[PDB]
Structure formats: C-alpha cells, structure tokens
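Participant: Dumping the structure here so I can ask a few things about it.
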Amino acid sequence: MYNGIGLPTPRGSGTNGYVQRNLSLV
Amino acid sequence: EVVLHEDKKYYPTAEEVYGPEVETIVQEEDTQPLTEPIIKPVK
Amino acid sequence: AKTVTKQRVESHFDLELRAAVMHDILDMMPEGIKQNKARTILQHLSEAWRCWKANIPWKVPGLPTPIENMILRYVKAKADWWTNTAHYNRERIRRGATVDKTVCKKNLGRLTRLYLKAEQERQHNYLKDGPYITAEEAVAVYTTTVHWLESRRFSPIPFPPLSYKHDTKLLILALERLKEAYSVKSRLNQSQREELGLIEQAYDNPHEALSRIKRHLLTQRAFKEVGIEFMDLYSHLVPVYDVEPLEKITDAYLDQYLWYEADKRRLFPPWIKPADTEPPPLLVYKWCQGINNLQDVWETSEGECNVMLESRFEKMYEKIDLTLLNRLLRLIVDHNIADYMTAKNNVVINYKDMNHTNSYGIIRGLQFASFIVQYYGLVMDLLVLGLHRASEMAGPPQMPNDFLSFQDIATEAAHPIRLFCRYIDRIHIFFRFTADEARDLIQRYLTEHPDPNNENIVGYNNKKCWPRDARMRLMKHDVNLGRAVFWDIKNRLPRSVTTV
Amino acid sequence: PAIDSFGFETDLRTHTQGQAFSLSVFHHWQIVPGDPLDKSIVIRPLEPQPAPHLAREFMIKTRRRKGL
Amino acid sequence: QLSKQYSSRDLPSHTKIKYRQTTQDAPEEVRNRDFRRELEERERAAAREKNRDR
Amino acid sequence: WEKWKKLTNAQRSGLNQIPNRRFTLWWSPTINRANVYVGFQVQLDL
Amino acid sequence: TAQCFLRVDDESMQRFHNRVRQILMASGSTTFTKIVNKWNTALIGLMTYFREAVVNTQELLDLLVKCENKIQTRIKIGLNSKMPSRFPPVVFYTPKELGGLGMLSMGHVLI
Amino acid sequence: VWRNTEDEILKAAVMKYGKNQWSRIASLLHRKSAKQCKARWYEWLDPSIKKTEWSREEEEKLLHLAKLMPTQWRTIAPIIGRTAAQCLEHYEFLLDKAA
Amino acid sequence: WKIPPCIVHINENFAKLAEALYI
Amino acid sequence: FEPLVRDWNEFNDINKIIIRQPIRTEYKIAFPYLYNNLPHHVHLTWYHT
Amino acid sequence: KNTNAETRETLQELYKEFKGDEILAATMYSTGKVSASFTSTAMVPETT
Amino acid sequence: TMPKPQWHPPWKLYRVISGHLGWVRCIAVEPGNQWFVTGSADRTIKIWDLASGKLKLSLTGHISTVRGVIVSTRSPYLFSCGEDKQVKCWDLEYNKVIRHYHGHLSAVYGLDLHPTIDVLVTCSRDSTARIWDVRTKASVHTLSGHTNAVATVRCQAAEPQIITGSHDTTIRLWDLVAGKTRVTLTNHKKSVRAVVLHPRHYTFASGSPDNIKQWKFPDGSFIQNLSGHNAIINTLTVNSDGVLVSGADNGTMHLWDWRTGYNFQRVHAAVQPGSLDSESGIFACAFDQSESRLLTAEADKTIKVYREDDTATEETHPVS
C-alpha cells in the first residue's frame, strides 16, 4: 500500500524507494 | 536633494517622453499559460 | 546544409551579424564611391565590441555619423544578446541543469566583466554626485563616537614601538598565517614561489623585516595595484583579491598588531561576535540560554510581547567612505597607521584588461579589513542602540560585563532592547515590550504608514519549514507589532551609511 | 456504525479476493458510548479516541465545524 | 539523377492538413465580418474593464 | 602501501592513471566476477 | 523551563550541496582517493558543525543519501561500468590500510 | 630592480610589439615578469609621464586636493597629471619646506 | 564620406564636508 | 509508474477531523472521486459480479 | 540635528565662516560622447 | 501634374507596447482580428491581444532572430522563419511546432503563403527562393537566379504569382508552375527590401533608398516614381483606401496616396526612454483587418500603434 508514504517514482533518487513499517512502533 | 546612487533617474519617463494622451503598456510576464490553446478545437 | 546546433551558435551569430552589417550600411548607405572600405568598417565594429567589453570609451576621432550610428546600433545588439545569455545560464547553473564545464567558465568570465562595468560606474558616480553622507550626518557620527570612547576611557593605540618586546611573536604569527595558504606546496607558480621566498627570508632574519615594515608604515601612501577574480559558489560569486607579497607581509603584521592591542585595551564591546571565546554552535546555545534567563520572559499575563528581529546591514563594505573612515580611525590609532590603512584601501583594481580605481568602499581582501569592518560596525551598533543602552550593556568601564549579562535586574529591565548580538554584519536583537509600550509604538507606526486595508498581513514572511502548528500566526496586533519594531529600527540608520 | 461503514466493502472484497461481498442499509440509531459533556476528557487530535470519548470528540469536532 | 539516400526526418508524417473549420474562423466568416465596429466595441469594453480596474 | 625536468602540457595535467590501475588490480576478483547481468564474454589475449 | 528545537538552515543545506557539486565537477583530473578525500572533508565539516540539527532535518538525510551515491557513481564512471555487483560496498568503505578507498558514510540510514 | 640595459631592452621590445602583449616582452627579459614589465612602463618609462618642475598652480591644486581627500594618492594623481608617487613625494616636500 | 582606419569631475561638497569635519 | 503530471486548506484542519479508521490507497482507488481531489484521467472500475 | 552643543556650534561656525571654493570649483561625423558613454559606464549617459 | 489627390485624415500615435528584449522584426494580424503576432530578435514569438495590447502568450522554439512570421487563412497554422536557416510550422491548437522545412543554406530573410493552394515561399541569403509543399515538407521548386540575398518575396493568386526583390538591386517576377523568371526589372539603384501588392488594382510597388516605384501587372511596366523618403526603406504597406505607408530604417515613416503619389504625412516617433537615438528604426508595418489601426515594429524594441484621426477635415489639413 502506497499510503502516502514513499516516493512518487524511485527513479532518480539513488535508492530503490522500498518502504517498510517501523517494526518497533509501540 | 543629494541623490543616493540607488535612485539616480536618468532617462525622462514614458509619460514625459510620449505625452498625456498616448497609453503605455509594459508587458513582461504574460497571462494565459502555454497549455491553453489559442485556436480552440471543437467537440 | 547543416543545422545550427550548439557549438555553432556563437560562430553563427557572428556570421550573421557581420553579414547584416555589410548589407546594411557599407553597401546601402555609402557614397564612398571608390571601394567602400567595408573591410575596415568591420574592423571598427570588432574594436567597438572589444572596447565595450573592456569598458573603454571608444571614440574614433573623425568618422561620419551614419557609420558611427550603424556601429553603435550593432554593438548594442550584440551586447543585449551577450547579456541575456549570461542571465539565462546563470539561472541554469544556480539550480543545477548544466554540468557542462565550459559553460561554468564562460559564465564566470561574463559576470566578472559585468560586475566590473557596474563598479566602475559606481565609483564615477561617487566622484560626481559627491559624498553621499551629508555634513550633518558625518558630524553626528563623529561626535557620537567621541562620546563613546571618552566614556569608556579608551586609551588610543600607539605606533608599534622601536624596542617593542612582542614583535617577533607578532611577526611569527603573521608568517604562519601566510604559509597556511601554500600548505600543499603544489605547482604553484612564479608569483607564489616568490611570495614563499619572501616569507622564508623574513623568517630567517626577523629584524631586516621589522625594519622594512615600520619603514613602510611610516612613509608609504601609494601602493601597487591589486588584481581581482571571482570564486564561483554556484549560487553566487565571491570576490577574491590578490595583493603583492611585500605589502601582504606588512599588512599581516599590522593585522596581528591591531587586534592584539585592541583586545588588550578593550576596544570591542562584548556583543561584537565572531569572538574568540566560543564557536558558533556555542553562540546559538548562549543566545537561547540568555533569552530563557531574562526576567519573567515567558509571561504574557499583562499582555507583553517579545519580538526577536534579525536582519543584515545590507551594504556596509561598499558604502564605507574613506574620508570619514580616516577620521574615525584617527580617534583610535596613531595618525600614521590611520593614514596607511586608509590610503591602502584606495588602489587600482585590475581584471584581465579592465582597470579602475577604488575610491568609495573597502577592499575586503586586505588583511586588516576585519578590524575596519568590526570598528565600523561598532559605530553602527551605537547608532542602533544609543549611548545609554549601549553603555548599560557594556557595563561600567572598570567592570565590564560578559556576553549577554547585565549588572542588576533594574538596569536589564529598564528598556525594551534586552539582547543584541552582531555577527560580522548580521544583526540579531531581542525586544521585550509591555502592553502600553507596544500600543504606543503601533500608534506612531500607523500614523505614518497607515494600513487601513489589512495588507500588513500579506508581506510578512515566516519559516515554511516548521508545520503550521509551529510557524508564526499572523494576527493583526502581532504583524503590526512586527512591522512597527522594524520600522522603528530602520529609522535609526541614515541611508547613506547602511540600511536594512 | 455508520462511522465505521466507510470502505468496509473494499476492505472485505480485498481481503477475501472478492469472494465475499457486502451490501448495507441503515437499520437504526443507537447510543454512542460517549459522555457528551466532560471537560477533563481532552482530545489527542489525530489518534483514534477510545470508546469512553467518542461522543465527547463527536461534539467537539462537529461544533468546531458548525456550532462554535 | 535522383538518389536513393533518405532520412529519418522525411518519413511520412502529418499527412492531413487541418482545415480551418466553421467555428474557428473560416474564410467565409471573414468574407462576412464587419471589423471596424466589432473592434470599436471590444476596445471600449477593455477600457471599461481597466476603468473598473482603476 | 607505499609510504628539475620540465613537462609538457598534458604532463602537467590529466590524471595519473597508475593509482587507479593498482586499485583495480587489488580489488580485481570483485570488479571482474563471473556472475554479472548483461555482459559478453571474452578471452584475454594470450 | 523551555525547549529549543534545532534544524539545519536551508541555505546551509544548499551550500553543502554546491560544495559536493564542485567536487564532482572538478574531478576528471583527480584520482579516486582524492575524490574521496574531499568527500570526507566536506562531510566531516558538516557533521561536526551541526551534529544534532542533522538528525532532525529530514531534508538533509535525503540530500546526503543522494550526494553520497553520486560520489560513488562518479568513481564507477571513472572505471568504465556501473554494474552494482562489480562494486559492492566493501571496495568503497574498506579503510585505506586494507587498500580500499576509505569512504565515510551517512547514507545507509533508514529515512 | 632595474638597470639601464634592461630598461632599454624593454623600451625596444614594447615599441615593437605594442603595449598589451606583456607575456612575450617578459619572455625577452631574463629574470623579469610581466607584472614588473607593466609596472615599469606605466610608471617610469612611459613618455607621457613628465619629469619636470611644478607649476605654481599645479602645486596649489596639489595641496588643495591633499586636503580634500587625505591619503588617496591614486585618486588624486590623475586630477593633476603626475603619477601618485610623484605627487606623494612632492606633497611631503612642500610640507617639509614649510616645516 | 572618407573613413579612418582602425588600429575628472569633482563635486564642491567634498570641500564643505572636509572642513566641517576639521572644525 | 512515473507520476503523470508532477499551501493551506481547511478541510485538512486537524482539530475538526475524526479518524476512526485511517484512509488507505485501496479506498482512494475504489472510489476515485469521493476519496480524491482533482482526480484526472481516471477510470472508475467496479464489479459486483 | 539638535544632538549636542558640538554640532549646534559647529554648524553655526560652518555656515558663518565657510565661503565658496576655488580650485575644485574650477576643476570639476559627430563628437563621440555617445559612443564613449555607451561602451563605458564610467561616464554620464548622453542619448543623442 | 495630376488630379488632385484625395484628402486622407492624419494618423496619431495612441499606444506603445513594450515587452520584447531585442529588435522586433516582424508583425502580423490574425484573420479574425483578435490578436497580432510579433517575432523578434530575442528569439521569441509573442502573441498580443489587439484590443488591449495584453500579451497572451510567448512561444520559444527558434535558435536565433525570427525574421518573419505569417498566419494561414485556410488552416490553424502560424509559419515562422528565422536566421537559423529554419522554417517552422506552429500549430495553434496545441501551441506546438509540428512541421519544419529543411533545405536553405543561410538565414531565411522572409516568407509568404499562397492564399488558394497550400504552398509556401521563402527567400534567403543564399540568393534563392524556395517553394515548399505545406503538407509534405518537400521543396517543389528552387527559384534561383538572383545574385545576392533575396531580401523579400510576395505571392499572389493572379499572374505572375511570385515577386522577389533582392540585394543585387533587381526585381524578378517568377512563373510558379514553370518555376522560372519571366520578368527582370532593373530600375532601382540600391537594394530592394520591400515590395507590396494593391488589394484591388493589379498593381504593385517596390521601395529602395532611391525612391519607391509603382508598376503594373503582369509584365511589370513602369507607372510612376514616388520620392521624398530618402532613407533605407524597410517596409511598404498599402491600405484598401489608397493609403500607402512607407516605414524606413532611420525611424521615419511617411504616408502617401497610392494613386497620385503624394506624400501627405510624415511621422517621426521618439524612442522608448532608455534608447540611443540611433536605435530608432522600423522593421515591420501592418494594417489591421479593419484597416483602421496601423501597427509598427521598431528597432527600439517597441510596438507603436497608430490610429486614424477622427476630428480633422480638409480645411484643418489643406492638401498641397
């Protein structure tokens, strides 16, 4: 889910733009 | 009337060079963005 | 039939400019029946362009008018093209579109020429429209500096004595500072090889040197010429001045000497702040921690208002005035040193082939120019604070204060201006107003600059980096206090000296 | 609740690969678990309020839009 | 002496001419129009606009 | 690791290739591996 | 009695970015290790000045990711390939005693 | 410094090549560089620099300026037509004759 | 129509300034 | 895909909202016009097969 | 400017004793002032 | 002498538009009279509203001075022509270049459109003209035979269809379908940079620094001289009502009677504030389609708009 997180396009950003959720959230 | 170089108007102004009845537009930046066609298409 | 691409754009512009000329007059407003010397009117045209570019008044003595008007018209066409191209590329470079490496250099050279044309004009306008500072403002500034120094009980700085004890320490520091330039010992050049030679021989025989120095300082008032060039920081340029090594050594020494003596005699009060006691991250800490320790600073119960205003002095190094500055230096140093400094700012400044003479501002690439800028900024701290509050901040001359301290709480709370720091020419002031001080300030503001149409809210600029939960909130009373405070501070500074 | 009725269709069809399918109608009103009038209940303004305060917030936000 | 060389740019493209239609401004309506009074109208309308402007 | 005469233009400028050359020789079983994406195989000369 | 929230200024981010830009621009006449010595100097000069304003500025963290990986990419382009498996991290971050290049990193954070 | 021989080699070079090609003239000279060449020509060997005695109006103007614009010799000099080193020495010389 | 072949001001308030300062 | 084209609002005021279930992109695609401003060049696909 | 006695008495004595000046007073095809002032910013602009 | 000329009212300056950043070199009016179009030596093509003079839009495609623009009566097309040797076809429904005619070998000094067929004529400095097929971008004919820059070209539906005036000081009337020169008029002594055709009189005029000349179709026979305007003549433009405007290159613009050859008015405008006086000069003139307004495009980066004077009479302005 692109829930308003991440990049529009991970194209010219120097990353793969991969997103994850902060596992230590609580 | 000591005229700090920041102001220093040479160059008589427009109204004074042309006169009181001729209008004077100055159009730098334009209206009407590029994507709005001049001639429109029909539908 | 090949296109015009990117490498033939300048070449093609000139093919067609000089074709157009040859069509234009040298064959359609002749009557030079013989053989119309078009090959020579084109030579004028190219020298008219070189002279425009070098800022030389080009006039060929006898040359018919139609030809002179044709040439002037076409040089102005080429100059409009050249300048608009410089604008265009500078925007591209500033935001980041080219990496091309000949455009970066062509454009640094184009804007250096344009800056020097603007500058030679500004010096001519000085000598024509006369000292911009009146004979009433100059006298108020002079008299106010005298009252400062006399209430401080300053003790003017004397000529570096003959058997002074510290001079080899001061000269050793000078030369260490100068070698730091050539730390790497690269391919440097002839001129840097020669400067390194001078440093080493004056490192070996430290008294031939000091003899030479004090001789210069005593007799010389006409110096060589300095060269200029720019350092391109991709978002703006920085001037970089190149002075001759002999005088570089005499100034390095004078720099060290003036700063040592000024700090021993306590010339600069504690709010003048690139100071040696802390780094900038520590000043930010001390400012936050000075605000927070003001007395009842966070209370709004009775309707107070704190205002933190911060700005810049907007051209000080460039409307310093060498005659007023000579006299204001004489209040402080030995008339010999005052004259050396002031005559050393007035040199010939030279880039590839353009030359002009500095007469108005200050060369910031001299080595005592730190001293001159901070002393002038002291005078303008005095015009902003007034002598009474500036003397409360600096505390009694027998018992100075530290950076943002006062003596008691009465004196600290006796005025709206609670803190003041002036980095080299950046100004950060902190006011604390009561309800009626604020109301009267805003009254006298509106009386003069009336805002009936609630348009004060529009100009206000905040920080679009915090969330709106954390930015500034523009209510009527707030933005009107902000503007009144600024309007009141910008009125203390004559416009011929500096502005805001 | 009409509150949590939103997008539940998409949530269900997504989780079950469209196998299930939901149709909805209003059926009746009911008491919301909230105490509409308590001042000591404050709003963490974006985190989801637990049941004791649904009507408290409901009032605050609804008037904040409309009732002042 | 017509060569067989060729070009990427001379490939067929844009092969129909858009003719100016009825509503845009066909040479017919230009055959009709009264221009002087129409122009006088619009110029007055603009002057009124920039009057209300200031 | 590894603690006059007058030179023409292209000697007084242009990089020195030797330290690049030896960085590549040192790191070379990585810069020259076999599991690659696209790349067409070739035998060094002799 | 109060808290100060810090951030790096916008014009200081832009000045860092222009400084890296002229590293990359004047590096077709430097050797890999001098490109990385200039990167190391600029990045220490930023981190040791700001030091916790950098943690709180979410726009720096991106600037540093993109700028670090532009420097790495100029070294690849200096050799003649950008294949990501010819150049694992080991060749850039290995200290200079073990023969690597000796980069110092701040772009391997999670943003 | 400078010696009759070099000064004349300079003179000859300049008068041939022209007064903006400083690098080649420097190349003719052994141990002299274009900065020094240019300075020497524009202060001592240029023939529009006059080494004569001061008209009385020259001098009275001199003192008038040196009072108007104190220690700015490069700015003063062209307004009276000698180089700033000449102007400076003669101003101290009038000051000391009246000392 | 023959063509040849190609190849200071000072205000007076400076005075009143300087002498106002000496006074 | 690469993005098709490229200050203050009141409906986004955080004091006036009630987040009981947080919006997600599945909803914003299921109902293009209800859950999105300026929804342009959009196909509204639905199926209750 | 009523700032102090130094300034009041200064301007008094200045407007009293100060009289007009002498040296700088005196010393402050076509011709070519156009072309000169156009390819040189260090001149006052003539446009004719 | 001649009959007595008609009395025409005078024209008075009434607007001065300023937005360009270099010489303004060509100007043209829409068919339907809503907007005119200027092409300038700052390389842009601006499109101005003709009522108010507001700038609606500016197109930037060229690489150098745009030296001529024109707008098609039959299709929603603008054709531009530049010093980069390129001729472009802007389509006005996306505001985009769609077509480009390649093949000249130096700056293209001017360009015209055929009103009946879709063909284009362009004249350039390589001393030739060319006939392009609007739709397949192909050169159907290369009108060669001049011996210098072909300063100007006009085309008409009657015969001959193509008239080019050049810098070797001669005029040629060309047969289009044949594609070769019928008649060669060598009456002018200095380069011919402007020629114009009467809307309803099978006649045409040709200007040069010597004097304007009037001539008669189709074999190009002398009719009369017109003299008085002794300056390099950049434009000639003729009204429906026998007004003939001749705008020159040293700024001055004279107004004449097409028929009797009597110069009744002489205008000398003043340059925009910061201009030299040698930066007065007129590059383009155009009558609007109501033939009520007269626009001019100037060497001081201005568009000067003149209108007809409504309160003058033969007894206010006697005719000589």
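Ordered as shown in the structure tokens, chains take letters A, B, and onward, while each chain numbers its residues from 1 and ligands are numbered from 1 in the order shown.
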Skip region 20-33 of chain D itself and residues of its chain fewer than 5 positions away, then list as a list in words all residues within 6 Å of it, counting only C-alpha atoms.
Facilitator: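 These residues fall inside the cut-off: residues 9, 13, 51 and 52 of chain D.
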Participant: Output N, CA and C atoms of each residue in that selection to a file, as a PDB file, in the first residue's frame.
Facilitator:
```
ATOM      1  N   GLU D   9     -16.612  -2.244   2.456  1.00  0.00           N
ATOM      2  CA  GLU D   9     -16.783  -3.054   1.257  1.00  0.00           C
ATOM      3  C   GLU D   9     -15.437  -3.395   0.631  1.00  0.00           C
ATOM      4  N   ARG D  13     -13.733  -7.180   0.290  1.00  0.00           N
ATOM      5  CA  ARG D  13     -13.509  -7.803  -1.008  1.00  0.00           C
ATOM      6  C   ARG D  13     -12.028  -8.000  -1.263  1.00  0.00           C
ATOM      7  N   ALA D  51     -13.357   4.219  23.402  1.00  0.00           N
ATOM      8  CA  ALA D  51     -14.817   4.322  23.430  1.00  0.00           C
ATOM      9  C   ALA D  51     -15.374   5.318  24.443  1.00  0.00           C
ATOM     10  N   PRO D  52     -14.811   5.482  25.650  1.00  0.00           N
ATOM     11  CA  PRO D  52     -15.373   6.463  26.591  1.00  0.00           C
ATOM     12  C   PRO D  52     -15.574   7.876  26.058  1.00  0.00           C
TER      13      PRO D  52
END
```
Participant: Write out as a list in words the residues lying within 12 Å of region 29-42 of chain J, counting only C-alpha atoms and excluding same-chain residues fewer than 5 positions away.
Facilitator: residues 1, 2 and 3 of chain A; 6, 7, 8, 9, 10, 11, 13 and 14 of chain D; 4, 5, 11, 23, 24 and 47 of chain J
Participant: Given a cut-off of 10 Å, which residues of chain B touch chain E, counting only C-alpha atoms, written out as an NGL selection string?
Facilitator: :B and (39-42)
Participant: Convert the current residue selection to file output with N, CA and C atoms, as a compact mmCIF listing (two decimals), in the first residue's frame.
Facilitator:
```
# COMPACT_ATOMS: atom_id res chain seq x y z
N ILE B 39 -6.26 28.69 -30.72
CA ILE B 39 -7.41 28.33 -31.53
C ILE B 39 -8.08 27.12 -30.90
N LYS B 40 -9.33 27.26 -30.54
CA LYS B 40 -9.65 26.04 -29.82
C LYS B 40 -10.16 24.96 -30.76
N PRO B 41 -10.02 23.70 -30.38
CA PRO B 41 -10.65 22.62 -31.15
C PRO B 41 -12.12 22.47 -30.78
N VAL B 42 -12.84 21.72 -31.62
CA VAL B 42 -14.27 21.52 -31.42
C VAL B 42 -14.57 20.05 -31.15
```
Participant: If we count only C-alpha atoms and set the cut-off at 12 Å, which residues sit around residue 16 (chain I), ignoring sequence neighbours fewer than 5 positions away in its own chain? Please answer as an mmCIF file with C-alpha atoms, in the first residue's frame.
Facilitator:
```cif
data_model
loop_
_atom_site.group_PDB
_atom_site.id
_atom_site.type_symbol
_atom_site.label_atom_id
_atom_site.label_comp_id
_atom_site.auth_asym_id
_atom_site.auth_seq_id
_atom_site.Cartn_x
_atom_site.Cartn_y
_atom_site.Cartn_z
ATOM 1 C CA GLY C 130 29.561 63.875 -4.231
ATOM 2 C CA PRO C 131 29.904 62.356 -0.820
ATOM 3 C CA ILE C 133 26.835 61.389 3.501
ATOM 4 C CA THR C 134 25.933 64.898 4.449
ATOM 5 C CA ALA C 135 27.956 67.201 6.628
ATOM 6 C CA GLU C 136 25.365 66.796 9.352
ATOM 7 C CA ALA C 138 29.013 62.845 9.333
ATOM 8 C CA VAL C 139 29.298 65.168 12.281
ATOM 9 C CA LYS H 67 43.460 68.442 1.969
ATOM 10 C CA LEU H 68 40.195 67.423 0.350
ATOM 11 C CA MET H 69 40.901 63.725 0.052
ATOM 12 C CA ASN I 11 31.636 67.997 -6.553
ATOM 13 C CA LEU I 21 34.928 67.780 9.955
ATOM 14 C CA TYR I 22 38.087 69.730 10.792
ATOM 15 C CA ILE I 23 36.039 72.267 12.691
ATOM 16 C CA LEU K 11 27.049 74.204 12.052
ATOM 17 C CA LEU K 14 30.395 76.489 9.399
ATOM 18 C CA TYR K 15 27.503 78.394 7.866
ATOM 19 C CA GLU K 17 32.926 81.211 8.221
ATOM 20 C CA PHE K 18 32.510 78.938 5.182
ATOM 21 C CA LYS K 19 32.619 80.572 1.731
ATOM 22 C CA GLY K 20 32.763 79.294 -1.835
ATOM 23 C CA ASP K 21 35.687 77.371 -3.214
ATOM 24 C CA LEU K 24 37.998 72.166 -7.441
ATOM 25 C CA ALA K 25 35.358 74.750 -8.165
#
```
Participant: Do you have, as a tab-separated table, the list of residues of chain B lying at most 10 Å from chain C, each with its nearest atom pair and that distance in Å to one decimal, counting only C-alpha atoms and ordered by chain then number?
Facilitator:
```
residue	atom	partner	partner_atom	distance
B:2	CA	C:132	CA	6.9
B:3	CA	C:129	CA	7.2
B:4	CA	C:132	CA	6.3
B:5	CA	C:125	CA	7.1
B:6	CA	C:122	CA	9.7
B:8	CA	C:125	CA	9.4
```
Participant: Could the residues in this selection be written to a file with C-alpha atoms, as a PDB file, in the first residue's frame?
Facilitator:
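Generated file (out-v1.pdb):
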```pdb
ATOM      1  CA  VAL B   2      21.547  64.740  -2.756  1.00  0.00           C
ATOM      2  CA  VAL B   3      20.604  61.796  -4.873  1.00  0.00           C
ATOM      3  CA  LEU B   4      21.758  58.454  -3.490  1.00  0.00           C
ATOM      4  CA  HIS B   5      23.133  56.397  -6.349  1.00  0.00           C
ATOM      5  CA  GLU B   6      20.499  53.779  -5.712  1.00  0.00           C
ATOM      6  CA  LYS B   8      19.656  58.242  -9.817  1.00  0.00           C
TER       7      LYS B   8
END
```
Participant: Using only C-alpha atoms, determine which residues lie at most 9 Å from region 11-13 of chain A, disregarding the query and same-chain residues fewer than 2 positions distant; provide the list as a ChimeraX atom specification.
Facilitator: /A:7-9,15-17 /G:62,65-66 /J:2
Participant: Hey, can you spit out that residue selection with C-alpha atoms as a PDB file, in the first residue's frame?
Facilitator:
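Listing of selection.pdb after writing:
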```
ATOM      1  CA  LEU A   7       8.465   8.217  -3.385  1.00  0.00           C
ATOM      2  CA  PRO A   8       6.372   9.128  -6.414  1.00  0.00           C
ATOM      3  CA  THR A   9       8.974   7.388  -8.569  1.00  0.00           C
ATOM      4  CA  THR A  15      17.508   4.243  -3.773  1.00  0.00           C
ATOM      5  CA  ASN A  16      15.066   1.569  -4.781  1.00  0.00           C
ATOM      6  CA  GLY A  17      12.416   3.500  -2.925  1.00  0.00           C
TER       7      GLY A  17
ATOM      8  CA  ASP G  62      17.900  12.794   1.679  1.00  0.00           C
ATOM      9  CA  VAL G  65      21.877   9.886   0.517  1.00  0.00           C
ATOM     10  CA  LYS G  66      21.786  11.339  -2.983  1.00  0.00           C
TER      11      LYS G  66
ATOM     12  CA  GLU J   2       6.228   7.577 -13.286  1.00  0.00           C
TER      13      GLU J   2
END
```
Participant: Report as a tab-separated table the residues of chain H within 9 Å of chain K, each with its shortest atom pair and distance in Å (one decimal), using only C-alpha atoms, ordered by chain and increasing residue number.
Facilitator:
```
residue	atom	partner	partner_atom	distance
H:60	CA	K:23	CA	8.2
H:61	CA	K:23	CA	6.1
H:64	CA	K:23	CA	7.0
H:65	CA	K:24	CA	8.0
H:79	CA	K:27	CA	8.4
```
Participant: Can you write just those residues out, C-alpha atoms, as a PDB file, in the first residue's frame?
Facilitator:
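Below is the file selection_3.pdb, written as the result:
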```
ATOM      1  CA  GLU H  60      48.454  74.964  -5.148  1.00  0.00           C
ATOM      2  CA  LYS H  61      45.997  72.488  -6.649  1.00  0.00           C
ATOM      3  CA  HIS H  64      44.103  71.749  -2.185  1.00  0.00           C
ATOM      4  CA  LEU H  65      43.355  68.135  -3.045  1.00  0.00           C
ATOM      5  CA  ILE H  79      43.353  65.018 -11.380  1.00  0.00           C
TER       6      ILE H  79
END
```
Participant: Please identify all polymer residues within 10 Å of region 11-25 of chain F, counting only C-alpha atoms, omitting same-chain residues fewer than 3 positions from it, and present them as a PDB file with C-alpha atoms, in the first residue's frame.
Facilitator:
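The file below, around.pdb, is the result:
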```
ATOM      1  CA  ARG C 187      52.881  23.578  -8.833  1.00  0.00           C
TER       2      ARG C 187
ATOM      3  CA  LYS F   6      60.191  20.278 -17.456  1.00  0.00           C
ATOM      4  CA  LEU F   7      56.909  18.713 -18.542  1.00  0.00           C
ATOM      5  CA  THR F   8      54.597  19.326 -21.476  1.00  0.00           C
ATOM      6  CA  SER F  28      40.087  -7.215  -9.092  1.00  0.00           C
ATOM      7  CA  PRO F  29      38.465 -10.535  -8.177  1.00  0.00           C
ATOM      8  CA  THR F  30      35.392  -8.498  -7.364  1.00  0.00           C
ATOM      9  CA  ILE F  31      35.462  -5.952 -10.176  1.00  0.00           C
ATOM     10  CA  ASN F  32      35.838  -8.894 -12.531  1.00  0.00           C
TER      11      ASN F  32
ATOM     12  CA  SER G  27      37.089  15.545 -10.690  1.00  0.00           C
ATOM     13  CA  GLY G  28      38.116  14.391 -14.118  1.00  0.00           C
ATOM     14  CA  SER G  29      41.547  15.384 -13.044  1.00  0.00           C
ATOM     15  CA  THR G  30      41.690  13.619  -9.681  1.00  0.00           C
ATOM     16  CA  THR G  31      42.302  10.075  -8.609  1.00  0.00           C
ATOM     17  CA  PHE G  32      39.691   8.041  -6.806  1.00  0.00           C
ATOM     18  CA  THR G  33      41.318   8.613  -3.457  1.00  0.00           C
ATOM     19  CA  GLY G  78      35.796   6.568 -13.633  1.00  0.00           C
ATOM     20  CA  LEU G  79      36.271   2.882 -14.198  1.00  0.00           C
ATOM     21  CA  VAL G  91      35.524  -1.546  -2.097  1.00  0.00           C
ATOM     22  CA  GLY G  99      43.612  -0.917   0.296  1.00  0.00           C
ATOM     23  CA  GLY G 100      40.040   0.273  -0.003  1.00  0.00           C
ATOM     24  CA  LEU G 101      39.058   3.815  -0.645  1.00  0.00           C
TER      25      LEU G 101
END
```
Participant: Which residues of chain K are close to chain L, meaning at most 10 Å apart when you count only C-alpha atoms, and how do they look as a count of residues only?
Facilitator: 7
Participant: Between L:111, L:244, L:120, L:151, which is the closest to residue 135 (chain L) once you count only C-alpha atoms?
Facilitator: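 Checking each of L:111, L:244, L:120, L:151 against residue 135 (chain L), counting only C-alpha atoms, the winner is L:120.
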Participant: What is the CA of residue 304 (chain L) to CA of residue 15 (chain L) distance in Å?
Facilitator: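 These atoms are spaced 5.9 Å apart.
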Participant: Which is closer to residue 4 (chain I) than all the others in C:352, C:37, C:78, C:185, using only C-alpha atoms?
Facilitator: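 Distance minimum relative to residue 4 (chain I) lands on C:37.
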Participant: Name the closest residue to residue 39 (chain K) among the candidates C:271, C:340, C:257, C:58; distances are taken between atoms, counting only C-alpha atoms.
Facilitator: C:58
